[PDB]
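What follows is one structure encoded as structure tokens, with my remarks underneath.
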Amino acid sequence: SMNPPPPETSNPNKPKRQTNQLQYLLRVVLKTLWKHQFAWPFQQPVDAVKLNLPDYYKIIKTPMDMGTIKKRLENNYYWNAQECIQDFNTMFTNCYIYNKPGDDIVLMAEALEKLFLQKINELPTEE
Ligand SMILES: CCc1cnn2c(NCc3ccc[n+](O)c3)cc(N3CCCC[C@H]3CCO)nc12
Ligand SMILES: CCc1cnn2c(NCc3ccc[n+](O)c3)cc(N3CCCC[C@H]3CCO)nc12
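The structure is reproduced here in structure tokens:
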């Protein structure tokens with residue numbers, strides 16, 4: 003009945019690299035999603051103590067949110083662009099998993115996911 007600690011966002015012992023892909027994922031993909039009208043419930047970890055969703059962390063064992071993703075990109079936590087893509091997909095599917103078809107929050111996630119898909123369509127190619 004407590005929240006878990008948020009996902010890890012730093013690790014100064016992971017080797018770091020910059021790539022066109024990871025730069026795009028921050029400066030275009032994360033940025034565009036963050037500014038979307040439906041982004042606000044996805045900008046931080048689900049707070050199941052403030053929100054009254056008590057079974058949330060019984061159901062969602064791989065939490066993810068765009069606040070975390072932003073930190074991970076900023077701290078060069080990701081080596082492969084796909085690690086970041088995976089985290090966006092985990093965020094969307096967690097919303098689908100906890101909730102049910104037709105729920106307002108699921109329609110918000112679906113809209114954000116469609117946007118995600120249009121932006122990643124233009125991801126630069128891997129090195
Ligand atoms: C307005 C501030 C706020 C936002 N969430 N939240 C919650 N969340 C729990 C929750 C969620 C859904 C239904 N219910 O019934 C409770 C409790 C709570 N408070 C209870 C304890 C005494 C203080 C009082 C305000 C804080 O100091 N205040 C807040
Ligand atoms: C990724 C965030 C998330 C996942 N589930 N969920 C729920 N689920 C409950 C539920 C049930 C039936 C219909 N709907 O629409 C939702 C609500 C909720 N929030 C409260 C309502 C305003 C937005 C938003 C704020 C806090 O993240 N946020 C979330």
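Each residue of the sequence shown is one higher than the one before, counting from 3 in the working numbering.
Every residue gets a Cβ at the ideal spot worked out from N, C-alpha and C, and that includes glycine.
**Message:** Taking the beta carbon of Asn96 as the centre, do at least 16 other beta carbons fall within 10 Å, making it buried, or is it exposed?
**Reply:** To locate residue 96, count along the sequence shown from 1; it is residue 94. With 16 or more other Cβ atoms within 10 Å, it is buried.
**Message:** Suppose you measure from the CA of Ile61 to the CA of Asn15; what does that come to, to the nearest Å?
**Reply:** If you number the sequence shown from 1, residue 61 lands on position 59. If you number the sequence shown from 1, residue 15 lands on position 13. Rounded to whole angstroms, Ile61 to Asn15 spans 31 angstroms at the Cα level.
**Prompt:** Mind checking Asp89: buried by the 16 CB within 10 Å criterion, or exposed?
**Reply:** Numbered from its first residue, the sequence shown carries residue 89 at position 87. Classification of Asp89: buried, given that the 10 Å Cβ count is 16 or more.
**Prompt:** Buried or exposed: where does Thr70 fall if 16 or more other Cβ atoms within 10 Å of its Cβ makes it buried?
**Reply:** As a position in the sequence shown, residue 70 is number 68, starting the count at 1. Taking all protein chains in view, the Cβ of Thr70 is crowded by 16 or more other Cβ atoms within 10 Å, so the residue is classified as buried.
**Prompt:** So the alpha helix (DSSP H) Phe94 belongs to, where does it begin and stop?
**Reply:** For this step, residue 94 is matched to residue 92 along the sequence shown. Element bounds for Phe94: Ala83 to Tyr100.
**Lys102 versus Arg19: straight-line alpha-carbon distance, rounded** = One-based indexing of the sequence shown puts residue 102 at position 100. One-based indexing of the sequence shown puts residue 19 at position 17. Going by the C-alpha atoms only, they are around 39 angstroms apart.
**Item:** 9 angstroms Cβ cutoff met for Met68 and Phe40
**Value:** As a position in the sequence shown, residue 68 is number 66, starting the count at 1. As a position in the sequence shown, residue 40 is number 38, starting the count at 1. Contact: no.
**Message:** Within 10 Å of its beta-carbon, does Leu53 have 16 or more other beta-carbons around it, so buried, or fewer, so exposed?
**Reply:** Taking the first residue of the sequence shown as 1, we reach residue 53 at position 51. By the neighbour-count rule (16 or more Cβ atoms within 10 Å), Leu53 is not buried but exposed.
**Request:** Indicate, with yes or no, if ligand 3 has a heavy atom lying under 8 angstroms from the CB of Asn96.
**Result:** Questions concerning ligand 3 fall outside what the structure shown contains, since the ligands it does hold are ligand 1 and ligand 2.
**Prompt:** Counting only runs that start and end within the stretch 19-67, where is the beta strand (DSSP E) found for 3 or more residues in a row?
**Reply:** none
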